[PDB]
Structures are given as structure tokens and as C-alpha cells.
Amino acid sequence: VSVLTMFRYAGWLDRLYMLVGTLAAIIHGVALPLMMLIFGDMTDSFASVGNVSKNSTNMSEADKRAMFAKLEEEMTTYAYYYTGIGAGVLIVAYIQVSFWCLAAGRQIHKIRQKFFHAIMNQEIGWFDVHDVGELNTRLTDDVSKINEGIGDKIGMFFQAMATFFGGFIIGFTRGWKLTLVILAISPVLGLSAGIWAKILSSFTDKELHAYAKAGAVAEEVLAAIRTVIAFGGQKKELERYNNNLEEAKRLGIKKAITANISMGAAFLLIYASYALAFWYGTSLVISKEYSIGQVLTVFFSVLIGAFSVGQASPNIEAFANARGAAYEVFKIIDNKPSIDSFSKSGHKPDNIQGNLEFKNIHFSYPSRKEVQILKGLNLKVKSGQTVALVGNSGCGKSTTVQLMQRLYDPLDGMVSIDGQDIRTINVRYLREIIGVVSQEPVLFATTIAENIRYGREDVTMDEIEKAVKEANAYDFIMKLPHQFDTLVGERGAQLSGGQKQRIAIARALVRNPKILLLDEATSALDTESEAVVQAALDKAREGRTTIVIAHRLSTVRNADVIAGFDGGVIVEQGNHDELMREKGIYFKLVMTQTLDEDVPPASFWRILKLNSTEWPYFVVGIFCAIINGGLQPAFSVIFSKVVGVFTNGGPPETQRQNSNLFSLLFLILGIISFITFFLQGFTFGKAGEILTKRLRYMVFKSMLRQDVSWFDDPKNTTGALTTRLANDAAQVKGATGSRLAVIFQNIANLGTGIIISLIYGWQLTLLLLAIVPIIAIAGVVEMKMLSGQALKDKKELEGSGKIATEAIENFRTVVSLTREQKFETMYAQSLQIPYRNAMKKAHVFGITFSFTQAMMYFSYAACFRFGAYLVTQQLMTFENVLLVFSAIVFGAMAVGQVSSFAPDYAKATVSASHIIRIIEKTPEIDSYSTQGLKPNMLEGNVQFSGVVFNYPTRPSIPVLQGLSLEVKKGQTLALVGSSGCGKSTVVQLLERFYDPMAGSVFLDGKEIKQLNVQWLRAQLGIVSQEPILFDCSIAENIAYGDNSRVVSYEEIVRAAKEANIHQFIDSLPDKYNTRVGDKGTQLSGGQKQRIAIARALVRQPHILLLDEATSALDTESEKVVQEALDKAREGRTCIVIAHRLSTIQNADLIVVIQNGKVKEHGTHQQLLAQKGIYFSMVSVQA
Ligand SMILES: CC(C)[C@H]1NC(=O)c2c[se]c(n2)[C@@H](C(C)C)NC(=O)c2c[se]c(n2)[C@@H](C(C)C)NC(=O)c2c[se]c1n2
């Protein structure tokens, strides 16, 4: 039910098609065992011919005839065999695939529309809860997973019937009890295999979780980069915990990694066992009873039943994860909670006009426990009026405004619009009859003409023309290029909020309600706009009764009636004057305000050379690799022998030949493997260990030393970096392992394959090499075609998913609701295309997979038939075919390698390139000389000649053009610009974070941008806006280890003293030991600054860089800061930049710089004597 059924709901000819295919799949897997039985019949007639060929020394003619007759006889059996099994595979395959598609296809599609629309119907709730971020996320993600659920499933039913039926069919029909001995030994061995292997595979899981832990403890904080450069360099810590947990869980999970190699070894060991019991049980039940040297069929075949149950396993899984998540989020899908709104039929009020009535409504927010914001609200408002609400403590006003669109249904009491109860009239009809405008003027990524249109589908640019003209916007739109058909550059980020809101005005305007609501629309907008806007707001009001909650008492004056609120506490009501007269709430309050990347340059073999560098040595590794390969073709050889010696050889010692080879297999495979692996696992594994660890150490430091425009102007977040750390150390690891695997399979396949290939027979060697590289190329192109369709599909669906998102993310839409479907409709359109396209590609996968399989039987037809070729009187085509097919097996072993081990080397290398390009870098300012700190450099006079610069993005026109400043010693250089840039950049330039484009600086005499970077940052009293202190203790923080500076106790005492933070240091549990406490979230910015300053003075600068230090503080914080800073200055030079046009007075040389160029300068009153820039600044101040 629910889970699975719903999960597969909705398909007539679909469900039928689904079944159909299913069947196909069945006949398919089964098709493979049949294939095995056959190899039986052919291998048996073949064995007969070889045994009589063994007797020989007699009737030469009777032999020409018996062997030719049997040759052509089976040569035919082969024709009709591959013809059979073959044609089959092809056909049904293509079919099962169509299941996959068609099925999931239309399925998903359906689920698609029903989900979009679903969300667009869950209403309020999608604002109520959800992450409405995480939602569209799961939108796309989940939908897809459901799909993969439908297709892989098909594949599952498949291999499920391949194992079940095959292992049955053969595992019971051929043997009678022999097939049963098979069942005995084979299944039992399959058990022990899957068991032990899986037990230690999960032991690997546990080891990997122990890793992730070691990982984060190998992560730490790596942001706060800037403050860090102005600090020095962590470098030990990182490395410490780094390699620490690394090496530990390294050897450890590498013990389970090597144990994983102990697993590939346990499985292979047991493999050998498979052989052991296999051949043994055979040799016996093939020498005594059931003498057919064809037990091979049954036994081998059931093996196939096992491996098919495996593949079956991952497929099922996908059906699960798909089933599970799909149906659960499906429940959050098809489900139609709604009912607190909905969108259909309802009550129709043609009466047009009416009065708003709020009759005792008790409302609690959707957050259950949240205290009812409308602890009983009574408020009626006549038509034609314009009532405003006033509050301040948040949540109540906007709340009423809110439920006026029926948004949240009232918890109790009710509200009657016009004279009928809001809850009784149709919702759409309501929402349309209710024009509203909140603060956020949301605009869609389209043209103005549109946004408007959105407000109302049908409408001619004519009406829009007037509408806007009325919403007074017909001007900027005009002066705006493209006219009405002007887009809004990806979202509502291309014009002033004033304009935006305005447009909206227009929007809702064209809606022309009867009830207009303004949720502090004007709010959050410059004064000027504020006026023009209010203006429009008015022009649209008064013909429409309107309620308005705002803070601009100024725009509250023209109120036909004011509403007393301040967080959900109704009170005084009536005209402005009446409330002022009431000297209550109004009066008072009125008087209270008066992650993408991808880089072209890769790195061919470069990673392999730098590979070796990051490697001491491990021939031992490559060695065991090689021998390992040799080990594989070996089994190949030996097997051929076994089957051969027994299918055509001498009757005596048949048991010694059998007991020998089978025993051999065992010792050979099992022992050399478990050993070859373990051994390598240890070597190559340790390889990845150091490589990673060491790699990190370098990469990280490379960053530490790195810096300038890097973190100064980065687009490489702290995460992206940290990640880079982990992932890439790991990926290169995969680079060395691959290289290992490469040499391996190679010599394995290539080498041994060719050797045995020379002892071939020249018919087989060639026909087969044609077959392996060919089916190989068909597999690679198979994948390629598959990723392609997958990629392009993700792009069309993307577009569709981007818009859809835009709507759900921007629920505001609902405000007009005049688009829901309209929207989804447009998406139906896009969806429409990738749906027909999903069909085409469907068929595709079909023909592809099929053609694959084709190549399969085909290859077998050629192989066996071409092998057996001419065998009249005994020709060079006998048992050797085994070895030949061993070469086919060899190609298939190489496939086992590229489908296993370290990643496809691809992402491995790309990630390798990244870590390289980074570990490399260009230091730019590490150690050096470039000064000697002569006992007479302790001045501090800063010089700025030319000063032209502009952090990386030069075509944005430099923010430093021909600048020039200067500053004496032991004084305070005042600095004030226009805003943001200029101030900080200079400070920066001093810190030499960015070497100016043209010009230079002089901290005292020598040339800054030549002086010693290290020392120039040794003396520096830096304290910018947003401070910061690592999750250390204040004592340590205060004692900021700039360099060899040993945490000087009495020194730091000096820091808390002057800094003015000794207050928190006095008492407050632990005194100096208190860790910032949870990364710092326990001390006010004032405090943190106090420690900031402590830092500076702790370094005893000769220059103090104050970057608006206190610029988001308050009482005694700004005061105590300016005082500590007061004694913190004057003994040593200090450029103090700031936007405190008030406390800047106390300055020696105040410099008024107009971004790029300084315009005025000198002493305060003097600048005031210069009525102009500085003047207009203190006057705007007031
Ligand atoms: C592929 C199916 C037709 C069929 N095999 C043959 O017809 C065949 C004819 Se000679 C022979 N197998 C012997 C012999 C060469 C030693 N094979 C191996 O020692 C060997 C070692 Se790993 C490996 N195979 C992988 C690889 C090949 C995928 N194959 C299978 O798990 C598998 C399961 Se059923 C099956 N194969």
C-alpha cells in the first residue's frame, strides 16, 4: 500500500507496458543461464571428440569422419545458439529499457506537475515552516531519485530472475543431486564469502566514521583570514591536529583499508575456495558418478546466480532510497492539507464596496506556543477612509494587516470584510479585491510590462500605461532604456527600491482593489523617495478604503483614524489630535521620535612527476601489483588446463591431475592473492597516508604564506578552501593509487595475456583482440552517450527548475495569487519539451543497451565457432579455446580494474591540479630582509606619494587615482572620505596587503613596497570594524603571538589595563583563562574591541590603524573605547579613519579625501573655514 502502491500509482497502458517489459527482463536473465547450459552441450560434444582424438593410433578415416561430422554438427548448434540467445538479448533488452523510461518517464512527469501545483497549494505553511530553500531543493532532488527508482528497479527484477531461474534451472535440472552437490558446496561457499566479507566491509564503515571525526579535528577554523595575516601564521596547530588524527586513523582505517585489501583478499581467498570445493567436488562426481566433464556448466552457472544476486542488491537499494524518500516526501506531496485557504469556488461578493470589521479576534501565530498576538482585538473601519496603525514592539499590527488577506485563519473571533465574514468569501476573489503592498518590493526576473502583467493577466500596455502613469512611474521607465520592455537583471536587483516599490504600486494598482493595505511600504527607503512614494500611495488611496501600518507619523497625520498598537496591545483610536489630547500611546511614541570552479589547465603526467616527488619509494608496491596480474591470467591458464586435461587426456591420474590443479588453484590464487594484496595494501596504502598528510601541510602553508588579492578579494570561501584541503589531499591519493593500478592491470592483461597469446594459435589471438577492444569501445561510448543525455536533460529541467524555484522562493506571488497555475502552466510548457525529449532519449537508452548485449552474444558466436574451426582428423583447434577465451577474460579483468579501486582518476586529477596550482602559489610576502630595523626606524612618519591602486577588478576604475597623503610621528592622522572604500584601502595599502598600481609609501624613510613586509606588519595597531578572536582564551588572545613574542603575563596585564577590558578580566569566572566561549558568542562587540585594542597595544605599535573601530556600539563602550584609544594614541602615530563626524574633532590632520583623490585637509575649524565638502558633512550631521 501507501509506500509502494502510491509510489507506483498512475498508469493505464503504462502499468501494462511496465509489466510487459518486466517479462522481457525475466526472459533476459534466464537468457543468460540458458547461454550457460549451451556452453555445456558444446563443451561436451567437444570433449568427446578430444577423448577419441586421444586414443587415435587407429582408424584415420573413421576419425576424419567422426570429427568432421561432430564439427559441423555443433558448428550448427552454435549458429542456432547465438542466433537464439542473441536475437533474444537484443530484442527484450531494448524492451525492458523502454519500461524504464516510458514508465518512470510519464510517471515522474505526472508527479512533476502534481508537485509544483502541490507546493503552490500548501499555502501559508510553506512560509510557516519548511526551509522554502531546502524545499525546491528536495523538489528537484527527490523527483529525480523517484525516477532512478523506477528504472534501476526494472534492472533489478532482471538480475533477480537471472539468479533465481538460472541457479535454479541449472542448479537442479543438471545434476539431480550433483547439481545439488553444487548447491551444497557452491551456495555454502557463497554464504561464508558474503558473510566474512560484509562483516569486515562494515568494519571499514566504522573506520571511515572514525576518520570523519579525525577529519573535523583536522579542520578547525580557517576563516578570519585577514586578521590572521595581520597576526602572523598558525602553522603548528593546523599541522599538529592535522597529521595527528590523520596518521592515527590513517594507519588505522588503512589497517581496514589494508583490511579492505584483506577483504578483496578474503573474497579472493574464498574465491579460491569456490574453486577448491568446486573442482574437487567435481573431480570426484565426475570420475566416479556422472562422468561428463561438463559439470562445469551447472557449477559455474550457479556461480552466476550468486553474482547476479549482488547486482540485484544495488538495484534494489536504489528502489529503496527511491521508494523511501519518494513516498515520504510524496506524502508531503500528493497530500492536500490546505483547507486553511485553498483556491476554488467559494462565495462571490459583487456588491463591490464594503467596510472592514475586526470583531474580537484572538490570534496566536502558527508557532503553537507563540503567545497570541491578538489577545482579543476589536477594530472596525468604515469605507472611503484611511486608517493607520502604529506600533513599535513588533508583531500585532502587521498581524492584523496580515489576516486581512485571510492569510492565517483567525484562532478565535472573526473578521468581516464588507459585511460578510472573510472566511466565507472565495479566497482568490478576496485576494484580488484586496490590493496590498508590503515593504519588500518583490520584482520578477522579467520586464516591467510583465511584473505589471503579473499583477493582472489580461491587460493592454494601454492600461499599464495609465496604471504606471498613475503610480507615477511613467518617467523613469521612459528614461529607462528598452522602455516598458525593460528587464530586471536576474531578480529585483537593477533599480532603486523606491522605484521597485513604486512599480509594485503600479502592479497592485492595475489590480485596483477596494481594500488597500500598506505594511510600512515607504519604510526602509531614503527620504526623497519616501516623499514621492507616499505621494503615489496617496493618489491610489482614498478611492479605496485603506489601512496602513507605518512608522512615519508624518505620513500618519492625514489619517482618518489612528490605531493604537505597539506589539499586540490595542488601545487609543480616533483622530491625531484626539490621541495627542489623550497624551497616551500615540502622543508618547509620536513624541518619542519627535560553489563553482573548474579550471582549463589540467596536468598531463605533471601530477605523476609531482606524484613521485610526493613519494619516497615503493617499487615493492608496483611489484606485487605486477605479480598480481600474472596471478590473474594464471588462474586463467590453470583453469583451461583443468577443464582440458580432464576433457581430453589419459584415463589414469585423472584424479591426480584434478586433485593437483584444483589444489594448485587454491594455493596459487588464494595465497599469492591474499599476500600480494595485504602486502600492497600496506605499501600503497601508507602511500596515500603520507601523501595526504604531507600534501595538506604544504597546501595549507602555501595558503598561509599566500594572501594578497587572494583572501583580500577572494571568491574562494573558507569552506571551499577547507574542502579543498580534505577532498584534494584525498584525490591525489587516488592519483598515486591509480598509477599503481595502471601498471598492474597492464602487465597483468597486456603481458601475461600476450605471452599466453603467443602460445595461442593465431586465429584466436586476432579474432579476440578485435572482440575485446571493440566491445570495450562500445562500453566507453555507452557511458559517454548516457552522461550526455543525462547532462543536457539536467539543463532543460534546470531552466524549468530555476523559474519554478523563483516562484516558490518568492512566495510573495501568492499575494496576487493571480498566477499560481499561470506559473506552473509556463513550467508545464518547459516541462512539455523535456517530456517529449525524455521519450526520444528513452528509446535511446533502449537501442544502446541492446546493441551492447548484441555485441555480447556476437562476440561469443565468433569466438567459439571460429575456434572450433576445421577439426577433420584432428586439427590445431581443441581445448586451447579456453586459453583464448582467457584472453577475452583478460580484457574483462581490465574492466574489473577501471570499474574498481581509486576513482576514475578523472576527478582525482582535476582535484590534483587544483591542490597543485595552490600549493605552488607565488609567496608574494613571506620572510626576506628589505630593512634591518635600525634602532632609529622607530618614527612612524607615513608617506603616500602618488598612491594609485584598486584591488583586483581594475576595469571597475581604480578607487585610488593619483592619491597623496602623509603623517608625522607620535600624532593622530584624521581620515574621512565619502563612504566605505578609500579609508580601508589606505589602511590596507599601509599593511601592504595590496601594492599600489603607481606610486609608493614611506613608513618612516625607507620605501614601503620595498621595506620588510614582515616588520611593516610587526608594527601595526590594526583594529577594523568587525573584530575577531579565535576560540582561544582571552589571555592567549590578548597575548596575540605576533611572533616569538612569548605570552608575557604582566605584559598582557598591561593590555587589559590600557585596553579597558581588565573589568571583565577582574572577576568573571577563570579571569584570564576564559576561552572566548563557543567561538566568541558571549561578549559584546565593545568587549571584543577592548581585546582588539589590547592586541594592538600588546604589540606596542608605532602606528595605530583605526578602521572606524567603534561603528556599531553604544554607551560607555564608545566612551571607554575612545578613552583607551585616547591613551592608546599620541605616544605613537595613528591613522584613525572613521565615519564619526563627531568624535573626529580631536585630530591633528584631518584629511577629507574624495574617493581616489583628497579634496580638502588641515585642522577642523580651518576645514570649517573652508565652506564646502567638510562643511556639508558637519551640516548634514546636525
Ligand atoms: C563471462 C561469462 C560468459 C561467464 N564465463 C565464461 O564464459 C568463462 C569462460 Se573460460 C572462464 N569463464 C574462466 C577462465 C578464463 C579462467 N574465467 C575466470 O577465471 C574469471 C575470473 Se574473474 C572473471 N572470470 C569474471 C570476468 C571475466 C568478468 N567473470 C565472472 O565473474 C563470470 C561469471 Se559467469 C561468467 N563469468
# chains A, B, ... in the order shown; residues from 1 in each chain; ligands from 1
>>> residues_near_ligand(ligand="ligand 1", cutoff="10 Å", atoms="only C-alpha atoms and all ligand atoms", output="PyMOL selection string")
chain A and resi 32-33+35-36+39+268+271+275+296-297+299-308+632-643+856-857+860+881-896
>>> select_by_dssp(residues="segment 198-352 of chain A", states="alpha helix (DSSP H)", output="PyMOL selection string")
chain A and resi 198-216+225-229+237-253+257-285+295-334
>>> residues_around(residues="segment 604-618 of chain A", least_positions_apart="5", cutoff="9 Å", atoms="only C-alpha atoms", output="number ranges by chain")
A: 623, 683-684, 687, 690-691, 694-695, 732, 735-736, 739, 909, 912-913, 916
>>> closest_residue(among="A:80, A:853, A:1167, A:496", to="residue 28 of chain A", atoms="only C-alpha atoms")
A:853
>>> residues_around(residues="segment 419-435 of chain A", least_positions_apart="4", cutoff="10 Å", atoms="only C-alpha atoms", output="ChimeraX atom specification")
/A:340-350,352-358,403-407,409-410,414-415,455-456,505,507-518,544,546,814-818
>>> residues_around(residues="residue 276 of chain A", least_positions_apart="2", cutoff="8 Å", atoms="only C-alpha atoms", output="MDAnalysis selection string")
chainID A and resid 272:274 278:280 662:663 665:666
>>> write_last_selection(atoms="N, CA and C atoms", output="CSV table (one decimal), in the first residue's frame")
chain,number,residue,atom,x,y,z
A,272,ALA,N,39.2,-18.6,-4.3
A,272,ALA,CA,40.0,-19.8,-4.4
A,272,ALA,C,39.2,-20.9,-3.8
A,273,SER,N,38.6,-20.7,-2.7
A,273,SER,CA,37.8,-21.8,-2.1
A,273,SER,C,36.7,-22.2,-3.0
A,274,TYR,N,36.0,-21.2,-3.6
A,274,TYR,CA,35.0,-21.5,-4.6
A,274,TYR,C,35.6,-22.6,-5.4
A,278,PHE,N,34.8,-26.5,-5.5
A,278,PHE,CA,34.3,-26.6,-6.9
A,278,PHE,C,35.0,-27.8,-7.5
A,279,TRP,N,36.1,-27.6,-8.2
A,279,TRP,CA,36.8,-28.6,-8.9
A,279,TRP,C,36.9,-29.9,-8.1
A,280,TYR,N,37.2,-29.9,-6.8
A,280,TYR,CA,37.2,-31.1,-6.0
A,280,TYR,C,35.9,-31.8,-6.2
A,662,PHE,N,43.3,-28.3,-9.1
A,662,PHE,CA,42.4,-27.7,-8.1
A,662,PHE,C,43.2,-27.3,-6.9
A,663,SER,N,44.0,-28.2,-6.3
A,663,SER,CA,44.8,-27.8,-5.2
A,663,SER,C,45.6,-26.6,-5.6
A,665,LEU,N,45.2,-24.3,-7.9
A,665,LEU,CA,44.3,-23.1,-8.0
A,665,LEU,C,44.3,-22.6,-6.6
A,666,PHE,N,43.8,-23.3,-5.6
A,666,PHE,CA,43.7,-22.9,-4.3
A,666,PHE,C,45.0,-22.2,-3.8
>>> residues_around(residues="residue 829 of chain A", least_positions_apart="3", cutoff="12 Å", atoms="only C-alpha atoms", output="list in words")
residues 109, 113, 796, 797, 799, 800, 803, 804, 821, 822, 823, 824, 825, 826, 832, 833, 834, 835 and 836 of chain A
>>> residues_around(residues="residue 900 of chain A", least_positions_apart="3", cutoff="12 Å", atoms="only C-alpha atoms", output="PyMOL selection string")
chain A and resi 264+734+737-738+741-742+745+893-897+903-905
>>> closest_residue(among="A:97, A:764, A:185, A:548", to="residue 389 of chain A", atoms="only C-alpha atoms")
A:548
>>> closest_residue(among="A:1182, A:101, A:71, A:92", to="residue 843 of chain A", atoms="only C-alpha atoms")
A:101
>>> atom_distance(atom1="atom CA of residue 106 of chain A", atom2="atom CA of residue 778 of chain A")
29.2 Å
>>> closest_residue(among="A:295, A:1094, A:989, A:269", to="residue 672 of chain A", atoms="only C-alpha atoms")
A:269
>>> atom_distance(atom1="atom CA of residue 215 of chain A", atom2="atom CA of residue 262 of chain A")
24.2 Å
>>> closest_residue(among="A:947, A:146, A:965, A:549", to="residue 321 of chain A", atoms="only C-alpha atoms")
A:146
